[PDB]
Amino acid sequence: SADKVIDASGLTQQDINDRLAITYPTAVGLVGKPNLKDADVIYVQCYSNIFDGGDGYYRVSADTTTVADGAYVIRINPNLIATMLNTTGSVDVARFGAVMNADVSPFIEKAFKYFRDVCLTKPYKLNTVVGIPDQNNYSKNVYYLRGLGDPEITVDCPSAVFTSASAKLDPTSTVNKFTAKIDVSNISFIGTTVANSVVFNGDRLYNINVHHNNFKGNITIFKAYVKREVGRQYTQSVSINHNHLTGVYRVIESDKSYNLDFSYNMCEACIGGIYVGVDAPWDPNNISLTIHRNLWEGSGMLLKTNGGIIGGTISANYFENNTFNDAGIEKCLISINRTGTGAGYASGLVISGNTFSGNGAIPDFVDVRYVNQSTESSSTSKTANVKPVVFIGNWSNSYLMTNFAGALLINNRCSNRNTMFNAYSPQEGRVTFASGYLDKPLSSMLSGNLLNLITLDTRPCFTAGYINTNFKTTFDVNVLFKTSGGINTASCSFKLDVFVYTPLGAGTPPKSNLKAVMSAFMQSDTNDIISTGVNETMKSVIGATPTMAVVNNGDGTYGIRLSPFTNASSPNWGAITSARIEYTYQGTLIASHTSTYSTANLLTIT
């Protein structure tokens, strides 16, 4: 007996025996084993071979009934089994029989059937299709697949590796055999042949967050296969963010794409990017498309369609030296066309803060080809069924940023801006606009038949820079004259051109000066009716030959006086007592003897 025995501690060999664990070499080695009971917890030092790991706890229970898959439940003998206990929360795929440098695909498939978080720590190959437990985009759960150790996964499979459990069974059902809610992280995927390097199935994976991974050589990250939406393939709620990419064949290949994201990636020497609605365009062919904050350098075309893009953001990217593959052929980094049966216009697309450089190798690189987007055949500017791209605060030193005149350009630095038909903003072209109103008792305006309508005051202009105080202004002035009861019995309107000047090159002058010309005088008359019932007309308060004088008030303010004014009265409503004066002006901002602009903003109307 053992208690009789004495360890060199001075301890009973029994009192040792008690502080001791059941440990076996291999998981698969449990089948043999005697001398194990229900409630026994055992520690297996690896699954198969040690260089492959797979270590973890089992629990032995008394089990007659339940069949045994061969990893999660192992039959020790006819009436005893071991079930796998997960400790680390996330589970090595090794624990399921995954072997270093082999096809890990059956093993990932196996593991996900028992667990939701599953992790690779060893180099593997993916040669077969992984199906993934089916759940909808309303599910309680999120399948994770994690990288610890930066596992180097070689991709080599005739299909897209990853699919739904269901669709793996019928890979071709045009029935929506989909799985959602997946997170893939911290893995270096490594490609083989182009044809064999497709990682995810777009037909089949929705709501997938692919983040902080690494892709290398001839990988296609997502492919679509089956025509399933009026003759089109589609993908849905795919997001690729914070990955490195190198040599990548395609970021995504599909007919259509819903809700696709490509953010904060670092992509070197890739072949191609987002090829969507290329062969088979559609009217909406990308519906939400985000390309934010990537590096994409020394590379091919980043985006290529033949169909419409809807609700697109291409922001804060860095694009250096993209003269390769399709980019060198087509001489552009983004190529938006519309051609082929189904193909629609791009609409609602913002392109901002991107850097487009070093495409110098191609003397005629266009950064963003936008072809067949004309809708100049439409007879008005007033509808917005179709709206072209707006580009904003980008920077390009390529030959052209874009070739479509109807692209809206807002403060883009670009070569050959004065080649391009695109509209210049009033801001670039140093033009400003203001508007306001005055309400004025007539009492205060009327002098004989002179209506002292408005004062222009150039003191704010002078104050702020007498040099800058040289500008032309053009005003629309609309006057609504009102009876005491506030009935508009008379109205008139006129353009006014105003020139504000202050002599330069002799030091501070006494003041600024002002001239004005009126034109395009119009007013209400007795043919314009207020009430047919009680027989009431509008009137004409200005007489034969409208006359405007500029009154020089000698300190930098100017009255605009309007002549022959006559009051008219209604039996009902009385005479006019007051006027509402609505002014809208545009001013010249150039002030070419300074560093800055003209004081036109500061011209005051009282």
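All residue numbers are counted from 1 along the displayed sequence.
- Mean C-alpha B-factor higher for 553-561, or for 53-61? According to the entry, 53-61 carries the higher average C-alpha B-factor.
- Query: Looking at the entry, does 68-76 or 318-326 show the higher mean C-alpha B-factor?
  - Reply: On average, C-alpha B-factors are higher across 68-76.
- Task: Compare the CA B factors listed in the entry for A506, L456, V366, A195 and report the winner.
- Result: Going by the entry's C-alpha B-factors, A195 comes out highest.
- Query: Which of these, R430, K113, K495, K304, has its C-alpha atom at the highest B-factor, as the entry lists it?
  - Reply: Among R430, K113, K495, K304, the highest C-alpha B-factor in the entry belongs to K113.
- Query: Lowest, middle or highest third of the chain for the C-alpha temperature factor of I252?
  - Reply: According to the entry, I252 has a C-alpha B-factor in the chain's middle third.
- Could you look up the Cα B-factor of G202 in the entry and say which third of the chain it sits in: lowest, middle or highest? Middle third - that is where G202 ends up once the chain's C-alpha B-factors are sorted.
- CA B-factor ranking of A579, expressed as a third of its chain: Answer is lowest: the recorded C-alpha B-factor places it there.
- Where the record places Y264 (Cα B-factor, split into thirds across the chain): It falls in the bottom third of the chain.
- Query: By the record's CA B-factor, is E297 among the lowest, middle or highest third of residues in the chain?
  - Reply: Middle third.
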